[PDB]
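Whatever order the structure lists them in is the order used to number ligands and atoms, beginning at 1. Atoms considered below: every heavy atom in the structure, side chains included; atoms not considered: hydrogens, waters and symmetry mates. Letters A, B, ... are given to chains in the order of the sequence lines, protein chains preceding strands, and every chain is numbered from 1.
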Amino acid sequence: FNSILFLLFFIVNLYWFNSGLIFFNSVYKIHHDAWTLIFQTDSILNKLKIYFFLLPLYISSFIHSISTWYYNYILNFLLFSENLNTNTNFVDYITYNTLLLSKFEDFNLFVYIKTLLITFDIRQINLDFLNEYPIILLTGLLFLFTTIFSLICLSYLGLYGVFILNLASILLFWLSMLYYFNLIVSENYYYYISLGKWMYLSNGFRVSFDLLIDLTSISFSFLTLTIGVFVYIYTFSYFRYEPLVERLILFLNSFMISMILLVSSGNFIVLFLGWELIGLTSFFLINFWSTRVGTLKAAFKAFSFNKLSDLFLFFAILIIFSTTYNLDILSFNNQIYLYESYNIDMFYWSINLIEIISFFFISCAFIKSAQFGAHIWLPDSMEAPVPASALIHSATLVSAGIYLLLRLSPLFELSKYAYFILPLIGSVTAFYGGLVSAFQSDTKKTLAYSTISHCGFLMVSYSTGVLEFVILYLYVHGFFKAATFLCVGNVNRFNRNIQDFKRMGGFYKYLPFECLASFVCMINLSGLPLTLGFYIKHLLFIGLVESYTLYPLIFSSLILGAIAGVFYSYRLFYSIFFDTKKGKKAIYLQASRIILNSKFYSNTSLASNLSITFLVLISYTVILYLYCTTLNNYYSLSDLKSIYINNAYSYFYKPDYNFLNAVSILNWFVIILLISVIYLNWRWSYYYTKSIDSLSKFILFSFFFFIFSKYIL
Amino acid sequence: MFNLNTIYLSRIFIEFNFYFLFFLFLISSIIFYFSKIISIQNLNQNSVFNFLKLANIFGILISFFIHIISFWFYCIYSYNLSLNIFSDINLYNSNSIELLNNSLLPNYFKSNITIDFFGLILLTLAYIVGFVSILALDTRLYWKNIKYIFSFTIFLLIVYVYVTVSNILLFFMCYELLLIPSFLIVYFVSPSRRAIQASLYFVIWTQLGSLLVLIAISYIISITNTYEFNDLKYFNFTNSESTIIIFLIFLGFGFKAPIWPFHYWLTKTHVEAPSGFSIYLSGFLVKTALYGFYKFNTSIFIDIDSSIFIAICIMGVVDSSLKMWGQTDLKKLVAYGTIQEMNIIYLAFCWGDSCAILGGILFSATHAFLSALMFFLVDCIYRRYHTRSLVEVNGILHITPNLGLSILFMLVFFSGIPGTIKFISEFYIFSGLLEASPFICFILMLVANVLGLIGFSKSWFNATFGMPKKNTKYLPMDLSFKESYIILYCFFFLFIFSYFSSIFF
Amino acid sequence: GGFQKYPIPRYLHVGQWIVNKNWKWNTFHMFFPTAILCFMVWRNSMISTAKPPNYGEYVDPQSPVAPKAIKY
Amino acid sequence: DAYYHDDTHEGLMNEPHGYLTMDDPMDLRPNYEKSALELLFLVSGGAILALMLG
Amino acid sequence: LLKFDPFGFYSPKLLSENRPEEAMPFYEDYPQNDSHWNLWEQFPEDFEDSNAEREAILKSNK
Amino acid sequence: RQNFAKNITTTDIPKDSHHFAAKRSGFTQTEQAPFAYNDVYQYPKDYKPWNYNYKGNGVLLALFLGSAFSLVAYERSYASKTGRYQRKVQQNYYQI
Amino acid sequence: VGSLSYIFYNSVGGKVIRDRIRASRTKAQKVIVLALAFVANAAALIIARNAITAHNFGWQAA
Ligand SMILES: CCCCCCCCCCCCCCCCCC(=O)OC[C@H](COP(=O)([O-])OCC(O)COP(=O)([O-])OC[C@@H](COC(=O)CCCCCCCCCCCCCCCCC)OC(=O)CCCCCCCCCCCCCCCCC)OC(=O)CCCCCCCCCCCCCCCCC
Ligand SMILES: CCCCCCCCCCCCCCCCCC(=O)OC[C@H](COP(=O)([O-])OCC(O)COP(=O)([O-])OC[C@@H](COC(=O)CCCCCCCCCCCCCCCCC)OC(=O)CCCCCCCCCCCCCCCCC)OC(=O)CCCCCCCCCCCCCCCCC
Ligand SMILES: CCCCCCCCCCCCCCCCCC(=O)OC[C@H](COP(=O)([O-])OCC[N+](C)(C)C)OC(=O)CCCCCCCCCCCCCCCCC
Ligand SMILES: CCCCCCCCCCCCCCCCCC(=O)OC[C@H](COP(=O)([O-])OCC[N+](C)(C)C)OC(=O)CCCCCCCCCCCCCCCCC
Ligand SMILES: CCCCCCCCCCCCCCCCCC(=O)OC[C@H](COP(=O)([O-])OCC[N+](C)(C)C)OC(=O)CCCCCCCCCCCCCCCCC
Ligand SMILES: CCCCCCCCCCCCCCCCCC(=O)OC[C@H](COP(=O)([O-])OCC[N+](C)(C)C)OC(=O)CCCCCCCCCCCCCCCCC
Ligand SMILES: CCCCCCCCCCCCCCCC(=O)OC[C@H](COP(=O)(O)O)OC(=O)CCCCCCCCCCCCCCC
């Protein structure tokens with residue numbers, strides 16, 4: 001009973017068995033059918049020699065025969081089926097199968113072991129295999145199951161356990177998404193995956209659970225996931241020292257996965273599922289402060305609007321199913337043109353089928369994008385914690401309508417109602433949100449109304465009909481809105497949950513990183529000259545159509561909304577950071593104590609600063625990649641699957657003098673507004689006269705500098 | 001590859017499960033009657049009440065397992081019977097296979113058993129809902145009402161004969177037998193004092209419809225002397241007779257399956273009845289009426305416009321949905337939800353034997369399970385918090401997290417999320433109604449799924465959320481294992497029944 | 001920054017300020033099995049995945065893979 | 001932060017605690033409701049696996 | 001709520017559920033779970049339960 | 001109310017008799033009499049009230065055996081449907 | 001048989017009581033307690049599956 005002796009005997013037996021296998025294989029090759037003539041020779045000496053020298057083969061065959069006999073008995077017992085092929089007795093069967101050695105003819109122990117070892121070898125995996133089969137599904141399922149199981153098992157996973165588990169899952173998901181983003185956007189790669197036959201929806205119909213990873217899906221998915229990764233990293237610092245941080249983290253993960261499922265939906269049933277899931281998870285995030293009933297009122301407002309949108313979407317899907325006996329998104333997109341000519345007989349009116357379907361879709365899209373009239377819930381949804389607010393308002397909850405329009409664009413291209421309604425409502429919402437945000441005094445409310453304005457601009461861009469411009473606008477707005485939301489969240493946490501900047505002043509020194517990060521993020525968000533966010537508005541005005549009947553109102557509202565960005569950006573930044581100290585004495589004194597002076601001193605989190613920095617860097621890189629893909633001379637974007645060409649790119653490639661000078665009007669309007677917000681004095685100061693003098697110096701120097709640059713050189 | 005062995009196994013299982021239940025009930029009753037001079041509980045650990053509870057529970061459960069097996073056998077049998085009829089096209093060949101009865105047990109009431117998918121769905125609902133309700137009524141049965149431990153076994157036997165009979169008179173008698181046990185339960189087991197009047201309202205309101213159905217049955221039997229339920233193919237009712245029969249049948253069965261304006265009794269009984277018996281009532285006892293209406297109206301040929309009946313059903317749905325908001329009582333709110341779902345189900349049966357019946361059956365199953373879930377949640381709230389009123393109950397989630405989570409997931413399921421038989425049934429009904437009358441479909445969907453849904457969600461969310469600062473010495477602990485697993489099983493069924501074979505749906 | 005910590009009843013199974021000593025092993029035994037489950041789901045679903053042709057490939061209209069209309 | 005307290009020293013950091021359900025861990029009653037529901041779940045799952053799956 | 005602990009894991013629980021007070025009978029506290037789905041008392045297999053006291057007294061009496 | 005017997009014979013109740021001690025000397029003329037039973041419940045160490053504390057493999061084995069039986073039963077059913085004693089595995093399988 | 005065996009074996013008391021009883025349970029007694037209910041239920045389900053599965057058809061060929 002020695003382990004060393006057992007191992008040595010096992011190794012010796014392995015070598016003997018391998019040698020016997022090789023010998024039998026060679027002899028079998030030589031004597032395919034005549035091997036028995038020598039193996040089973042009647043000679044006693046030869047029989048004994050063969051048995052002794054092939055004992056490992058014989059014992060292995062005996063064990064295999066016993067195992068096969070027992071397995072066949074078990075199968076017969078369980079299935080009440082047949083016999084062991086034949087009714088051979090136990091003795092006859094075992095003797096025959098043990099004497100038979102042909103089972104080893106193609107078997108080599110070393111080769112088999114090597115195959116088993118190399119089966120798990122990871123060197124083999126290649127990009128080509130990944131390109132053939134998408135690993136995005138494997139990582140998304142990982143993230144989903146991690147979130148679900150973490151929700152269920154909270155006691156097992158403490159604060160740190162939940163954070164680390166979900167961080168690993170989300171990082172893997174984001175890296176895979178990043179890998180496939182390059183292929184889908186430019187290389188014309190898209191996948192249609194099916195998990196199975198989900199449900200039966202008619203007498204003989206059964207819809208499968210399918211996902212569509214296309215350019216339209218990936219544009220939203222990658223943006224949401226990239227924003228969510230850094231929001232997740234930031235939340236652990238924002239909700240620092242809170243009773244319930246795991247709950248908030250898991251709610252954020254749930255909302256992210258719900259939005260990902262919605263955007264990457266293969267059929268209307270999955271789309272509706274994702275729609276309801278984002279609604280429910282947004283409700284939970286808004287109602288996070290469950291103890292308070294004041295929060296429940298805002299949550300219930302959002303819930304009612306979401307249920308109305310669900311009604312509209314469900315009715316539209318029912319109309320589509322009744323018309324075409326199909327719920328597949330691709331099939332519907334490629335079939336809708338045939339049924340365009342059809343009408344539906346309703347109560348007393350014959351409504352055009354496309355018009356009614358597009359009416360319901362646009363209604364639900366407006367409700368979820370917080371357009372004018374249906375936006376009443378968005379200002380009240382700010383009761384959620386800042387990470388949840390950023391995620392919902394950047395690219396997750398308020399872009400659902402934009403995703404719907406982009407995915408079902410072939411439908412709306414043949415919609416008279418869409419043509420009339422999208423530009424008017426978009427421009428009105430843009431103007432309303434911009435002006436209200438400019439006049440707003442609270443940080444979260446300002447960001448919410450700015451989000452409403454940018455959603456209006458997105459609607460107007462879709463009305464223009466350049467899906468590339470819409471996608472660029474969506475990406476820019478989402479990234480920079482999220483970054484600004486994180487910055488204001490740090491500011492609010494420092495200011496002790498007081499979100500109004502009337503009590504904020506001189507925070508530049510107390511939050512140095514937030515000041516500069518907010519400066520960059522706001523100049524990019526509010527379309528300002530010489531910034532990454534100027535081109536989105538420039539392209540929107542390039543593509544704006546002029547055949548509308550309400551074009552005067554549409555254009556005036558668009559101009560006012562576009563200019564409104566400057567006021568809110570300036571007010572937010574200046575009032576928060578560089579205005580006179582208006583906050584309570586405690587806020588400043590508690591942090592100005594000399595004892596706190598240390599290398600570790602900070603009023604924010606190092607992880608939060610790093611998360612914001614990485615978010616800004618990645619947003620810049622991705623926006624540049626999209627700009628190169630679309631706005632470059634060589635068009636390298638993937639197919640959008642739309643046959644409607646707007647001609648808008650003509651005024652981007654070869655603009656005429658008329659349009660070039662027309663854009664200057666808005667440019668100079670913005671310039672005058674900047675001069676007003678900078679040099680305008682509302683309060684007496686020691687620097688009133690010197691401020692007027694500086695304005696005079698700037699005007700005269702600008703004139704002379706222009707003279708020298710243009711003429712004197 | 002289908003063989004006669006499967007046919008006979010199906011028939012034998014169906015026939016013998018009934019006798020299994022009957023013998024269990026007979027033995028339990030004999031023990032109960034002959035063990036004590038007076039049939040009341042002896043307040044000690046050695047009472048026969050424990051044995052009777054054990055026998056009832058694990059007779060229902062084992063019969064439910066056998067019913068699963070027999071239902072699967074029936075599905076295979078019906079599918080292969082349809083294949084046998086449909087496949088062969090040669091004129092000389094015809095499927096005429098005759099089966100000989102067993103010599104072990106007799107045919108109850110000298111009737112040959114006939115089973116249908118709707119009947120077996122109804123029987124499965126009976127089993128499951130009866131199991132839940134019996135599990136609920138343990139705290140109610142005490143020392144003088146222990147005789148009502150057999151009420152659900154009696155219900156199971158009645159429903160078994162109801163769904164496994166091809167005789168019109170036996171069908172009607174089984175339908176009418178359900179009144180006595182239910183009335184006795186409400187009268188003797190209900191804690192509240194208003195249950196005494198609620199029971200009388202229930203009896204009178206249901207008996208008016210029972211009399212209407214009795215008049216219809218008398219019209220059918222007196223005119224057609226047949227009772228086989230299939231000889232009606234060779235007899236045609238005139239227009240006047242047919243319209244009278246359909247009106248009587250619809251009104252009579254709508255008295256039981258609540259329709260506007262005949263739901264006053266339902267609201268009263270649900271509010272004032274035992275929390276464990278409300279589950280059984282709403283889940284099952286209102287669907288025997290739907291099954292009977294389906295059978296009678298599909299057997300009779302009707303040449304009348306069903307617009308009036310559709311309008312009645314839609315008015316009931318609208319009325320219940322609009323009233324949902326104004327209820328601070330959770331039990332009454334769930335009762336209004338039951339009225340809404342039952343009216344939708346009844347509307348699903350207004351086009352004769354069209355494909356609407358499939359959606360109606362699926363919606364009946366999902367409503368049974370959903371109503372059981374909702375009434376069980378209300379029962380848990382009332383039993384641990386000694387009140388079922390929104391003003392007195394607030395912040396359930398923060399003291400009983402599992403109960404609050406159950407409420408939230410119940411609301412999500414009630415909303416009709418995809419992946420649930422609730423969503424599937426809504427899809428069936430609305431897809432049909434869109435082509436039948438699109439504007440009516442829009443109005444029905446709008447009302448039910450927005451206004452009624454918001455009214456329903458307001459009270460439940462207000463109860464779940466908030467801050468329970470009142471009576472801190474009397475706050476409960478949490479759900480028990482029994483309650484938690486009942487809730488989990490309801491969720492599991494609502495989710496997984498969507499994978500049932502689509503052949504019958 | 002955060003709210004002041006207050007006592008939580010022992011009998012109540014709530015998540016207020018819950019930290020687990022064995023969170024490392026808990027995460028280890030909750031991550032890898034989930035990864036294996038997702039791998040199984042992924043390999044099951046890949047059988048029913050569709051991808052368009054590659055850069056240098058064209059679909060022959062008469063090949064079986066090409067779409068076929070219903071023949072009455 | 002300035003005056004953060006470690007978990008090992010913070011007296012109000014909670015380790016996992018609480019009773020999962022209302023059932024008494026040490027109960028002398030031969031109660032069978034939990035066993036009945038577990039049996040129902042298991043038999044339903046087994047029926048699905050052995051009669052319906054595939 | 002902090003004191004509340006019906007089970008004995010955190011706050012020790014007497015086998016005698018409560019401490020009787022003078023001028024009151026000794027009654028068991030109402031359990032948190034009051035389910036009546038209880039079997040008859042279970043005993044070990046082949047449990048010895050012969051009336052040994054009566055047998056011994058009868059043997060002594062003769 | 002509950003009528004079951006507390007003193008079961010299937011096993012001995014875990015208990016600790018040292019937490020509470022009964023006074024037996026030094027009484028006064030105004031002090032109440034001590035208590036006779038002072039045993040408290042003692043839980044097994046490493047018992048976690050927040051989970052099931054289930055350490056058996058019976059459920060896992062039952063589920064795995066059910067799944068394996070379902071797999072083999074489906075294999076046999078497919079062979080019967082194809083009219084063969086066993087599955088005829090093809091040389092190549094494509095997506096579908 | 002399976003239902004009753006499962007109920008009576010797993011309905012002895014609380015978690016602690018059941019665990020201690022099973023720990024004191026002998027090896028063979030533990031084996032039967034674990035295996036009886038599963039074997040009975042599984043045999044019933046297998047007998048049910050056998051009828052629907054018509055394997056004993058003589059046309060198996062090719
Ligand atoms: C407190 C509850 C309150 C409830 C009431 C309130 C309800 C409403 C509110 C809800 C929210 C509040 C409650 C939640 C918090 C609870 C807190 C708590 O109690 O913590 C302790 C609790 C238990 O853990 P523990 O106390 O530490 O230890 C328990 C024992 O040690 C474990 O012992 P063991 O290791 O021996 O495990 C025993 C067994 C567990 O035994 C059982 O649970 C018996 C189940 C019998 C069948 C019943 C139907 C099952 C339907 C599917 C769902 C499976 C159960 C998972 C839970 C539901 C989903 C989340 O484990 C398994 O073997 C799992 C496999 C189960 C598969 C059975 C499938 C049957 C057929 C189904 C239909 C056909 C499917 C075809 C699929 C085809 C291929 C895709 O915390 C958890 O562990 C949570 C687990 C959550 C589920 C995930 C893990 C299982 C995954 C199974 C496979 C599916 C995943 C993907 C597979 C992909 C490949 C196929
Ligand atoms: C959006 C809504 C979301 C809602 C959900 C949110 C998330 C909720 C999360 C929290 C709740 C769920 C997750 C946690 C559940 C609890 C898990 C747990 O561990 O609890 C511990 C829990 C409590 O532990 P305990 O107090 O110790 O109780 C132990 C049990 O009484 C019994 O334990 P045991 O150790 O005594 O094991 C007993 C076992 C005994 O196990 C065995 O016997 C297996 C080993 C022997 C194999 C046979 C060998 C024969 C030859 C002898 C060989 C030598 C001996 C070998 C054995 C040696 C000993 C090991 O017997 C059985 O299981 C009988 C089943 C038989 C029928 C089914 C299986 C067979 C199918 C057919 C097979 C055909 C082929 C085979 C043929 C065989 C020949 C005829 O115990 C269990 O896990 C019991 C299972 C049921 C637990 C509850 C399950 C609830 C599931 C809820 C699902 C809800 C789904 C909602 C979906 C919604 C979607 C929208
Ligand atoms: C008539 C010519 C055709 C054009 C028609 C339109 C005329 C111009 C209309 C401009 C409306 C701007 C509204 C901004 C509201 C900002 C509100 C806010 O945030 O608080 C005040 C913030 C300051 O916020 P604050 O926080 O620093 O202090 C606020 C102090 N209280 C509250 C006391 C007022 O910004 C301003 O004060 C600047 C706005 C006032 C000055 C407006 C000058 C307009 C110059 C127009 C130039 C036109 C150029 C020619 C071409 C135009 C057409 C292409
Ligand atoms: C002409 C013929 C007439 C036949 C009449 C039938 C007479 C029925 C008499 C019932 C007596 C019940 C008490 C028996 C003594 C129990 C002793 C005990 O508890 O020790 C534990 C012992 C053994 O326990 P165990 O620990 O070995 O657990 C395993 C249990 N078995 C053996 C069943 C697998 O006895 C029992 O557990 C038996 C329980 C009996 C009660 C069952 C209740 C469920 C419903 C069935 C009741 C009977 C109705 C008929 C069958 C159903 C319909 C087909
Ligand atoms: C809703 C009321 C409150 C709730 C209680 C419910 C009470 C009413 C229940 C429904 C009764 C049937 C009403 C619809 C009848 C439709 C057919 C019809 O009459 O059209 C003329 C019919 C149909 O005619 P037709 O024009 O279609 O075709 C035949 C034409 N001729 C004959 C000329 C060839 O004509 C008749 O033959 C007259 C029949 C009149 C029958 C009226 C009495 C019915 C008595 C039995 C039921 C009594 C129930 C009482 C319950 C207790 C009340 C308190
Ligand atoms: C086979 C494939 C995989 C199978 C897995 C099936 C999973 C089915 C769904 C499981 C849901 C589990 C929910 C657990 C909730 C636990 C309690 C909790 O979180 O705290 C409650 C919190 C606080 O709980 P607490 O802290 O008081 O108590 C926690 C401990 N207990 C409950 C045990 C006492 O209360 C609330 O405010 C309610 C919040 C509910 C939030 C629910 C969000 C769910 C989001 C899921 C997103 C999934 C996306 C899917 C995308 C694909 C769709 C096709
Ligand atoms: C560019 C992506 C960047 C992000 C990647 C994140 C990680 C993704 C997960 C790893 C890849 C999995 C898909 C493999 C595809 C494939 O089969 O690729 C094919 C190769 C073999 O090549 P061939 O099939 O072409 O011959 O597969 C293998 O070699 C299998 C070996 C295992 C691979 C990893 C399995 C991960 C799942 C969990 C394992 C848990 C182990 C036990 C823990 C206790």
Between the side chains of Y191(A) and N131(A), does any donor sit under 3.5 Å from an acceptor? no
Side-chain heavy-atom pair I417(B), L280(A) within 4.5 angstrom cut-off: no
Under 4.0 Å from a heavy atom of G56(F): give me the atoms of ligand 1 that qualify, with their elements. 36 (O)
Can you find a protein heavy atom under 4.0 Å from atom 62 (C) of ligand 1? yes
Which residue and heavy atom of the protein sit nearest atom 8 (C) of ligand 3, plus the separation: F669(A) CZ, 4.0 Å
Protein heavy atom under 4.0 Å of atom 51 (C) of ligand 1: yes
Answer yes or no for atom 73 (C) of ligand 1: protein heavy atom present at a distance under 4.0 Å? yes
Residue-level breakdown please: for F149(A) versus ligand 1, do any non-hydrogen atoms fall below 4.0 Å on the side chain, on the backbone, on both, or on neither? side chain
Residue set satisfying salt bridge (charged side-chain N to carboxylate O under 4.0 Å, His left out) with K24(C), at least two apart, ordered chain then number -> none
Protein heavy atom at shortest distance from atom 33 (C) of ligand 3: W682(A) CE3, 4.1 Å
Hey, does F491(B) sit under 4.0 Å from ligand 1 if you only count heavy atoms? yes
For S676(A), take its heavy atoms, then give the atoms of ligand 3 lying under 4.0 Å from any of them. 38 (C)
With a 4.0 Å heavy-atom cut-off (strictly under), which part of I152(A) contacts ligand 1: side chain, backbone, both or neither? both
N44(C) contact mode with ligand 1 (heavy-atom cut-off under 4.0 Å): neither
Only heavy atoms of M40(C), strictly under 4.0 Å: list the atoms of ligand 1 that pass. 99 (C)
Output yes when a side-chain donor or acceptor of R384(B) lies under 3.5 Å from a complementary backbone atom of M477(B), and no otherwise. no
Suppose I only count heavy atoms of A438(A) and a 4.0 Å limit; which atoms of ligand 3 are within that range? 18 (C), 19 (O)
Is the shortest distance from a heavy atom of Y156(A) to ligand 1 less than 4.0 Å? yes
Just by distance, do the side chain of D579(A) and the backbone of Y574(A) share a donor-acceptor pair under 3.5 Å? no
Near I496(B), which atoms of ligand 1 are under 4.0 Å from a heavy atom of that residue? 73 (C)
To which of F501(A), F567(A), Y568(A) does the heavy atom nearest atom 38 (C) of ligand 3 belong? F567(A)
Contact summary for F541(A) and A562(A), nearest pair of heavy atoms: CZ-CB, 3.8 Å
Please give the N or O to N or O pairs under 3.5 Å between ligand 7 and the protein, distances rounded to 0.1 Å.
unit_1, atom_1, unit_2, atom_2, d
ligand 7, 29 (O), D121(A), O, 2.5

Answer yes or no: does an N/O atom from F439(A) fall short of 3.5 Å to an N/O atom of ligand 3? no
Considering only heavy atoms, which of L666(A), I672(A), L673(A) lies nearest to atom 44 (C) of ligand 3? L673(A)
Taking both backbone and side-chain atoms of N53(F), is any N or O found less than 3.5 Å from an N or O belonging to ligand 1? no
Find all atoms of ligand 1 within a distance of less than 4.0 Å from any non-hydrogen atom belonging to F41(D), and give their numbers and elements. 48 (C)
Protein heavy-atom contact under 4.0 Å for atom 35 (O) of ligand 1? no
Just let me know how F409(B) lines up against ligand 1, side chain, backbone, both or neither, with a heavy-atom cut-off below 4.0 Å. side chain
What is the nearest protein non-hydrogen atom to atom 54 (C) of ligand 3, stated with its residue, atom name and distance? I665(A) CG2, 3.4 Å
Non-hydrogen atom of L479(B) closer than 4.0 Å to ligand 1: no
Is there a protein heavy atom at a distance of less than 4.0 Å from atom 42 (C) of ligand 3? no
Do any non-hydrogen protein atoms sit less than 4.0 Å from atom 93 (C) of ligand 1? no
Out of all atoms in ligand 1, which are within 4.0 Å of some heavy atom of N402(B)? Include the element for each. 1 (C), 3 (C)
Out of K502(A), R683(A), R571(A), whose heavy atom sits nearest atom 26 (O) of ligand 3? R571(A)
Atom 5 (C) of ligand 1 within contact range, any protein heavy atom under 4.0 Å: yes
Is there at least one protein heavy-atom neighbour under 4.0 Å from atom 55 (C) of ligand 1? no
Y570(A): heavy atom below 4.0 Å from ligand 3, yes or no? yes
Polar contacts were defined as any N/O atom of the residue lying under 3.5 Å from an N/O atom of the ligand; does this apply to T21(D) and ligand 1? no
Are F413(B) and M374(B) close enough that some pair of their side-chain heavy atoms sits under 4.5 Å apart? no
How would you list, by chain and number, every residue that makes a salt bridge (charged side-chain N to carboxylate O under 4.0 Å, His left out) with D46(F), sequence neighbours excluded? none
Could you tell me, atom by atom, which parts of ligand 1 come under 4.0 Å of a heavy atom of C153(A)? 81 (O), 82 (C), 83 (O), 84 (C)
4.0 Å protein heavy-atom contact status of atom 58 (C) of ligand 1, strictly under: no
All N/O donor-acceptor pairs, side-chain side in residues 35-52 of chain D, below 3.5 Å, sequence neighbours left out:
unit_1, atom_1, unit_2, atom_2, d
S35(D), OG, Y32(D), O, 2.7
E38(D), OE1, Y6(G), OH, 2.9

For ligand 1, which atoms, with element, lie under 4.0 Å from some heavy atom of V59(F)? 38 (C), 39 (C), 41 (O)
